[PDB]
file protein_37.txt (compact mmCIF, C-alpha atoms and all ligand atoms)
# COMPACT_ATOMS: atom_id res chain seq x y z
CA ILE A 1 -68.72 55.52 32.21
CA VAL A 2 -65.96 56.48 34.67
CA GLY A 3 -65.56 54.50 37.90
CA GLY A 4 -68.21 51.92 36.94
CA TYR A 5 -68.22 48.17 36.40
CA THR A 6 -68.79 45.71 33.54
CA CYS A 7 -72.58 45.26 33.34
CA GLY A 8 -72.62 41.67 32.16
CA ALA A 9 -73.57 40.68 28.61
CA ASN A 10 -77.19 41.43 27.73
CA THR A 11 -78.18 42.34 31.32
CA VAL A 12 -79.29 45.79 30.05
CA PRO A 13 -81.44 44.54 27.17
CA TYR A 14 -82.97 47.97 26.37
CA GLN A 15 -79.53 49.61 25.86
CA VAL A 16 -78.76 50.41 22.22
CA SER A 17 -75.67 51.67 20.43
CA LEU A 18 -76.20 54.30 17.71
CA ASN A 19 -73.74 53.66 14.86
CA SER A 20 -72.75 55.94 11.94
CA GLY A 21 -69.74 53.87 10.88
CA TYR A 22 -68.66 53.76 14.55
CA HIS A 23 -70.44 53.89 17.92
CA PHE A 24 -71.27 57.53 18.79
CA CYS A 25 -74.15 57.59 21.31
CA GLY A 26 -76.40 55.40 23.41
CA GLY A 27 -80.16 55.11 23.43
CA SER A 28 -83.00 53.16 24.99
CA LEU A 29 -85.49 50.85 23.30
CA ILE A 30 -89.03 51.87 24.47
CA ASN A 31 -91.17 49.99 21.92
CA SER A 32 -90.39 47.37 19.28
CA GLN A 33 -90.15 50.25 16.78
CA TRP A 34 -88.79 53.20 18.80
CA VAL A 35 -85.65 54.35 20.53
CA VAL A 36 -85.30 57.37 22.87
CA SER A 37 -81.96 59.18 22.85
CA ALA A 38 -80.58 62.72 23.31
CA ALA A 39 -81.30 65.43 20.73
CA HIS A 40 -77.58 66.32 20.80
CA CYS A 41 -77.01 62.81 19.35
CA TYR A 42 -78.95 63.74 16.19
CA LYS A 43 -77.29 62.88 12.86
CA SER A 44 -78.32 61.46 9.51
CA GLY A 45 -77.44 57.85 8.64
CA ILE A 46 -78.02 56.21 12.02
CA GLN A 47 -78.00 52.42 12.36
CA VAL A 48 -79.47 51.21 15.67
CA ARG A 49 -77.58 48.27 17.17
CA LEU A 50 -79.59 46.21 19.66
CA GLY A 51 -78.47 43.16 21.64
CA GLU A 52 -74.86 44.41 21.89
CA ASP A 53 -72.27 43.63 24.48
CA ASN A 54 -68.86 43.92 22.75
CA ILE A 55 -69.51 46.61 20.06
CA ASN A 56 -66.42 45.50 18.08
CA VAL A 57 -67.21 41.75 17.85
CA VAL A 58 -70.29 40.00 16.38
CA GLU A 59 -71.21 37.73 19.33
CA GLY A 60 -74.55 36.35 18.11
CA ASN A 61 -77.34 38.34 19.81
CA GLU A 62 -77.21 41.54 17.75
CA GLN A 63 -79.96 43.11 15.70
CA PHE A 64 -78.78 45.93 13.38
CA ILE A 65 -81.72 48.04 12.14
CA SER A 66 -81.47 51.33 10.21
CA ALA A 67 -83.40 54.37 11.43
CA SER A 68 -86.32 55.38 9.16
CA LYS A 69 -87.03 58.71 10.91
CA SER A 70 -85.52 60.89 13.64
CA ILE A 71 -87.65 63.40 15.61
CA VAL A 72 -85.78 65.94 17.71
CA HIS A 73 -87.95 67.54 20.41
CA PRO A 74 -89.76 70.62 19.00
CA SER A 75 -88.25 72.85 21.72
CA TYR A 76 -84.70 71.41 21.83
CA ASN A 77 -82.16 74.19 22.44
CA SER A 78 -78.64 72.95 21.71
CA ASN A 79 -77.09 75.95 23.50
CA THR A 80 -78.68 75.20 26.92
CA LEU A 81 -79.53 71.50 26.30
CA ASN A 82 -83.07 72.22 27.45
CA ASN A 83 -85.37 69.50 26.05
CA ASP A 84 -82.43 67.25 25.07
CA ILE A 85 -84.46 64.32 23.80
CA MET A 86 -85.08 62.68 20.39
CA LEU A 87 -87.11 59.73 19.13
CA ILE A 88 -85.71 57.35 16.47
CA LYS A 89 -88.05 55.08 14.53
CA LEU A 90 -86.68 51.74 13.34
CA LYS A 91 -87.14 50.64 9.70
CA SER A 92 -88.45 47.27 11.00
CA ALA A 93 -89.63 46.11 14.44
CA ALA A 94 -87.02 44.63 16.75
CA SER A 95 -87.61 41.02 17.78
CA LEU A 96 -88.21 41.05 21.55
CA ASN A 97 -86.79 38.26 23.84
CA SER A 98 -84.43 38.06 26.86
CA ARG A 99 -81.47 39.82 25.28
CA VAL A 100 -83.55 42.53 23.54
CA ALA A 101 -86.39 44.18 25.47
CA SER A 102 -88.07 47.53 25.89
CA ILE A 103 -87.79 49.66 29.03
CA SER A 104 -90.96 51.13 30.55
CA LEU A 105 -91.62 54.87 30.52
CA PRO A 106 -92.21 56.45 33.89
CA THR A 107 -95.56 57.34 35.40
CA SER A 108 -94.19 59.52 38.13
CA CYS A 109 -90.93 61.43 38.28
CA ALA A 110 -88.08 59.83 40.25
CA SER A 111 -87.18 60.78 43.80
CA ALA A 112 -84.01 62.54 45.10
CA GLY A 113 -81.71 59.91 46.62
CA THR A 114 -82.97 57.03 44.42
CA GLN A 115 -80.11 54.81 43.12
CA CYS A 116 -80.32 54.53 39.34
CA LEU A 117 -78.46 52.45 36.74
CA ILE A 118 -76.56 54.42 34.06
CA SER A 119 -74.95 52.51 31.24
CA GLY A 120 -72.93 52.97 28.06
CA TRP A 121 -69.82 52.53 25.91
CA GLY A 122 -68.41 55.98 26.67
CA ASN A 123 -64.98 57.03 27.91
CA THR A 124 -63.85 55.37 31.13
CA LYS A 125 -61.28 58.04 32.12
CA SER A 126 -61.80 61.35 33.95
CA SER A 127 -58.44 62.58 32.60
CA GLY A 128 -57.48 61.20 29.25
CA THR A 129 -59.24 58.73 26.95
CA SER A 130 -60.08 55.05 26.90
CA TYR A 131 -63.13 53.61 25.20
CA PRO A 132 -64.37 50.19 26.25
CA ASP A 133 -65.65 47.45 24.02
CA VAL A 134 -68.14 45.92 26.46
CA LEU A 135 -71.05 47.72 28.10
CA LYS A 136 -70.21 49.54 31.34
CA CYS A 137 -72.61 50.38 34.20
CA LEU A 138 -72.73 52.76 37.16
CA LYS A 139 -75.10 52.87 40.11
CA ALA A 140 -75.63 56.55 40.95
CA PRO A 141 -78.15 58.46 43.11
CA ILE A 142 -80.33 61.33 41.99
CA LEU A 143 -79.07 64.49 43.67
CA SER A 144 -81.27 67.11 45.31
CA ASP A 145 -82.53 70.04 43.15
CA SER A 146 -80.62 72.45 45.38
CA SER A 147 -77.32 70.52 45.06
CA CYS A 148 -77.76 70.31 41.28
CA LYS A 149 -78.38 74.05 41.06
CA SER A 150 -75.32 74.76 43.24
CA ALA A 151 -73.15 72.76 40.82
CA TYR A 152 -74.50 74.59 37.72
CA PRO A 153 -75.89 77.97 38.85
CA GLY A 154 -78.31 79.49 36.36
CA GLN A 155 -78.29 76.43 34.07
CA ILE A 156 -80.62 73.77 35.52
CA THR A 157 -84.16 73.83 34.17
CA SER A 158 -87.20 71.85 35.36
CA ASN A 159 -86.42 69.44 32.48
CA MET A 160 -83.06 68.36 34.01
CA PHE A 161 -81.76 66.53 37.05
CA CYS A 162 -78.31 65.72 38.39
CA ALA A 163 -77.14 62.25 39.42
CA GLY A 164 -73.80 61.00 40.62
CA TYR A 165 -71.17 61.90 43.18
CA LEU A 166 -70.04 65.41 44.14
CA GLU A 167 -66.69 63.98 45.36
CA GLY A 168 -65.92 62.93 41.79
CA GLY A 169 -64.58 59.61 40.48
CA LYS A 170 -67.89 58.09 39.23
CA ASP A 171 -69.86 59.59 36.31
CA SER A 172 -71.14 59.18 32.77
CA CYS A 173 -68.92 60.57 29.98
CA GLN A 174 -68.52 61.30 26.24
CA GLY A 175 -69.95 58.40 24.24
CA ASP A 176 -72.52 57.55 26.95
CA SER A 177 -74.58 60.50 25.62
CA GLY A 178 -78.17 59.61 24.80
CA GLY A 179 -78.16 56.43 26.93
CA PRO A 180 -80.39 55.40 29.82
CA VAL A 181 -80.74 56.35 33.47
CA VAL A 182 -83.08 53.67 34.89
CA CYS A 183 -84.58 54.02 38.34
CA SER A 184 -86.92 51.46 39.86
CA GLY A 185 -87.30 49.74 36.48
CA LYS A 186 -88.33 52.91 34.57
CA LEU A 187 -86.48 55.17 32.13
CA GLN A 188 -86.14 58.37 34.17
CA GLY A 189 -83.17 60.05 32.52
CA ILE A 190 -81.08 60.44 29.33
CA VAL A 191 -77.32 61.08 29.50
CA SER A 192 -77.21 64.78 28.47
CA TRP A 193 -74.40 67.08 29.68
CA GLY A 194 -72.17 68.33 32.51
CA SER A 195 -68.64 69.68 32.71
CA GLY A 196 -66.18 66.93 31.84
CA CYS A 197 -66.51 63.60 33.59
CA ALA A 198 -66.14 62.62 37.23
CA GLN A 199 -64.71 66.01 38.29
CA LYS A 200 -65.36 67.28 41.79
CA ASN A 201 -68.64 69.23 42.16
CA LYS A 202 -69.63 68.66 38.49
CA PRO A 203 -72.04 65.71 38.46
CA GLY A 204 -73.80 64.46 35.38
CA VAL A 205 -76.92 66.27 34.13
CA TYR A 206 -79.77 64.21 32.68
CA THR A 207 -82.89 64.92 30.65
CA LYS A 208 -85.93 64.45 32.94
CA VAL A 209 -87.88 61.86 30.92
CA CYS A 210 -91.04 62.06 33.05
CA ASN A 211 -91.73 65.53 31.58
CA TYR A 212 -91.77 64.07 28.03
CA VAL A 213 -94.05 61.05 28.34
CA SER A 214 -97.06 62.86 26.81
CA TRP A 215 -94.96 64.02 23.82
CA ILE A 216 -93.46 60.53 23.36
CA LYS A 217 -96.88 58.84 23.50
CA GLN A 218 -98.47 61.29 21.06
CA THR A 219 -95.53 61.11 18.66
CA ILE A 220 -95.48 57.28 18.57
CA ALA A 221 -99.25 57.29 18.03
CA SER A 222 -98.86 59.38 14.85
CA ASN A 223 -95.62 58.24 13.22
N1 LIG A 301 -70.24 63.73 32.85
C1 LIG A 301 -71.54 64.07 32.25
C2 LIG A 301 -71.46 64.09 30.74
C3 LIG A 301 -71.88 62.99 30.00
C4 LIG A 301 -71.85 62.95 28.61
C5 LIG A 301 -71.38 64.07 27.95
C6 LIG A 301 -70.96 65.19 28.67
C7 LIG A 301 -70.99 65.21 30.06
CA CA A 302 -71.31 42.84 19.18

call {"tool": "encode", "arguments": {"input": "protein_37.txt", "output": "structure tokens", "more": "lines below"}}
Ligand SMILES: NCc1ccccc1
Ligand SMILES: [Ca+2]
result
Amino acid sequence: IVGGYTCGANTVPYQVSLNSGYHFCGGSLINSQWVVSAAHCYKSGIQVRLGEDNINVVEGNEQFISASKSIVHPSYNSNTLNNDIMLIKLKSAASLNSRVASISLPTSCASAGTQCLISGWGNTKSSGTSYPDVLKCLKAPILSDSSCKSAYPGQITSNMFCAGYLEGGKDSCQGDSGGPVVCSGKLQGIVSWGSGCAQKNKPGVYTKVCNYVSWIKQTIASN
């Protein structure tokens, strides 16, 4: 997260870190047994880390649970990032309390102009590299469909939305990939792609979670 703020320990209790020997992507806990992340975050050997604030220090609220199954969306295209969503099943159910909790799936899609909360352990620099230890947050508005399409002509599908700031300075970044965009208490987006981080006229692009609720529900009912 570039241009954001320190969230506060365990204030984003649905945020997870995906770990393969090191943090590499975010995700969102949606059920005691399931995490939603980006399909571009797929890899074998994922450990899900719940209840994290500092990802480099054991602070006392963590649950580390190995993935038992990963399910990349059937129509994921890694070239365009269309359908950039994946479900991860946990080997055992997370224990739910204040510091670890699920986030609700949306009923309706989110509105242009709504201020959402984006969070993660990704790079904090637009130019150069610095990776934080504690969870960072950014309040960012959903941009209009026409603005989003102007920023990425020919590339925005109905399964994507932009959020952020055209002036630059405030954005998600590498390492935030797969993490949540929460609007009005619902998971509306997944950190997906863009062009760099916090550059002028290149806002973040997010998987539009409302289009996937039927697939998520059916998949969790059968796996
Ligand atoms: N600045 C949007 C973004 C986030 C994660 C990865 C690539 C691009
Ligand atoms: Ca920790």

call {"tool": "closest_atom_pairs", "arguments": {"input": "protein_37.txt", "of": "chain A", "to": "ligand CA 302 (chain A)", "cutoff": "9 Å", "atoms": "only C-alpha atoms and all ligand atoms", "output": "JSON lines"}}
result
{"residue": "A:49", "atom": "CA", "partner": "A:CA302", "partner_atom": "CA", "distance": 8.5}
{"residue": "A:50", "atom": "CA", "partner": "A:CA302", "partner_atom": "CA", "distance": 9.0}
{"residue": "A:51", "atom": "CA", "partner": "A:CA302", "partner_atom": "CA", "distance": 7.6}
{"residue": "A:52", "atom": "CA", "partner": "A:CA302", "partner_atom": "CA", "distance": 4.7}
{"residue": "A:53", "atom": "CA", "partner": "A:CA302", "partner_atom": "CA", "distance": 5.4}
{"residue": "A:54", "atom": "CA", "partner": "A:CA302", "partner_atom": "CA", "distance": 4.5}
{"residue": "A:55", "atom": "CA", "partner": "A:CA302", "partner_atom": "CA", "distance": 4.3}
{"residue": "A:56", "atom": "CA", "partner": "A:CA302", "partner_atom": "CA", "distance": 5.7}
{"residue": "A:57", "atom": "CA", "partner": "A:CA302", "partner_atom": "CA", "distance": 4.4}
{"residue": "A:58", "atom": "CA", "partner": "A:CA302", "partner_atom": "CA", "distance": 4.1}
{"residue": "A:59", "atom": "CA", "partner": "A:CA302", "partner_atom": "CA", "distance": 5.1}
{"residue": "A:60", "atom": "CA", "partner": "A:CA302", "partner_atom": "CA", "distance": 7.3}
{"residue": "A:61", "atom": "CA", "partner": "A:CA302", "partner_atom": "CA", "distance": 7.6}
{"residue": "A:62", "atom": "CA", "partner": "A:CA302", "partner_atom": "CA", "distance": 6.2}
{"residue": "A:133", "atom": "CA", "partner": "A:CA302", "partner_atom": "CA", "distance": 8.8}
{"residue": "A:134", "atom": "CA", "partner": "A:CA302", "partner_atom": "CA", "distance": 8.5}

call {"tool": "closest_residue", "arguments": {"input": "protein_37.txt", "among": "A:189, A:153, A:204, A:194", "to": "residue A:36", "atoms": "all atoms listed in the file"}}
result
A:189

call {"tool": "closest_residue", "arguments": {"input": "protein_37.txt", "among": "A:65, A:90, A:173, A:209", "to": "residue A:110", "atoms": "all atoms listed in the file"}}
result
A:209

call {"tool": "residues_near_ligand", "arguments": {"input": "protein_37.txt", "ligand": "ligand LIG 301 (chain A)", "cutoff": "6 Å", "atoms": "only C-alpha atoms and all ligand atoms", "output": "list in words"}}
result
residues 171, 172, 173, 174, 176, 177, 191, 192, 193, 194, 195, 196, 197 and 204 of chain A

call {"tool": "write_last_selection", "arguments": {"input": "protein_37.txt", "atoms": "C-alpha atoms", "output": "PDB file, in the frame of the given file"}}
result
ATOM      1  CA  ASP A 171     -69.860  59.590  36.310  1.00  0.00           C
ATOM      2  CA  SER A 172     -71.140  59.180  32.770  1.00  0.00           C
ATOM      3  CA  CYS A 173     -68.920  60.570  29.980  1.00  0.00           C
ATOM      4  CA  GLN A 174     -68.520  61.300  26.240  1.00  0.00           C
ATOM      5  CA  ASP A 176     -72.520  57.550  26.950  1.00  0.00           C
ATOM      6  CA  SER A 177     -74.580  60.500  25.620  1.00  0.00           C
ATOM      7  CA  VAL A 191     -77.320  61.080  29.500  1.00  0.00           C
ATOM      8  CA  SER A 192     -77.210  64.780  28.470  1.00  0.00           C
ATOM      9  CA  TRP A 193     -74.400  67.080  29.680  1.00  0.00           C
ATOM     10  CA  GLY A 194     -72.170  68.330  32.510  1.00  0.00           C
ATOM     11  CA  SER A 195     -68.640  69.680  32.710  1.00  0.00           C
ATOM     12  CA  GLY A 196     -66.180  66.930  31.840  1.00  0.00           C
ATOM     13  CA  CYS A 197     -66.510  63.600  33.590  1.00  0.00           C
ATOM     14  CA  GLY A 204     -73.800  64.460  35.380  1.00  0.00           C
TER      15      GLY A 204
END

call {"tool": "atom_distance", "arguments": {"input": "protein_37.txt", "atom1": "atom CA of residue A:10", "atom2": "atom CA of residue A:130"}}
result
21.9 Å

call {"tool": "closest_residue", "arguments": {"input": "protein_37.txt", "among": "A:123, A:188, A:157, A:104", "to": "residue A:141", "atoms": "only C-alpha atoms"}}
result
A:188

call {"tool": "atom_distance", "arguments": {"input": "protein_37.txt", "atom1": "atom CA of residue A:109", "atom2": "atom CA of residue A:211"}}
result
7.9 Å

call {"tool": "closest_residue", "arguments": {"input": "protein_37.txt", "among": "A:142, A:39, A:30, A:221", "to": "residue A:83", "atoms": "all atoms listed in the file"}}
result
A:39

call {"tool": "atom_distance", "arguments": {"input": "protein_37.txt", "atom1": "atom CA of residue A:20", "atom2": "atom CA of residue A:47"}}
result
6.3 Å

call {"tool": "residues_near_point", "arguments": {"input": "protein_37.txt", "point": "(-79.8, 62.0, 31.6)", "cutoff": "7 Å", "atoms": "only C-alpha atoms", "output": "PyMOL selection string"}}
result
chain A and resi 180-181+189-192+205-208

call {"tool": "closest_residue", "arguments": {"input": "protein_37.txt", "among": "A:16, A:137, A:198, A:182", "to": "residue A:165", "atoms": "all atoms listed in the file"}}
result
A:198

call {"tool": "closest_residue", "arguments": {"input": "protein_37.txt", "among": "A:112, A:135, A:187, A:81", "to": "residue A:164", "atoms": "all atoms listed in the file"}}
result
A:112

call {"tool": "residues_near_point", "arguments": {"input": "protein_37.txt", "point": "(-95.5, 57.3, 33.4)", "cutoff": "9 Å", "atoms": "all atoms listed in the file", "output": "PyMOL selection string"}}
result
chain A and resi 104-109+186+210+213-214

call {"tool": "residues_around", "arguments": {"input": "protein_37.txt", "residues": "residue A:148", "least_positions_apart": "2", "cutoff": "9 Å", "atoms": "only C-alpha atoms", "output": "PyMOL selection string"}}
result
chain A and resi 143-146+150-153+156+161-163+202-203+205

call {"tool": "residues_around", "arguments": {"input": "protein_37.txt", "residues": "residue A:92", "least_positions_apart": "2", "cutoff": "10 Å", "atoms": "all atoms listed in the file", "output": "PyMOL selection string"}}
result
chain A and resi 32-34+65-68+89-90+94-95
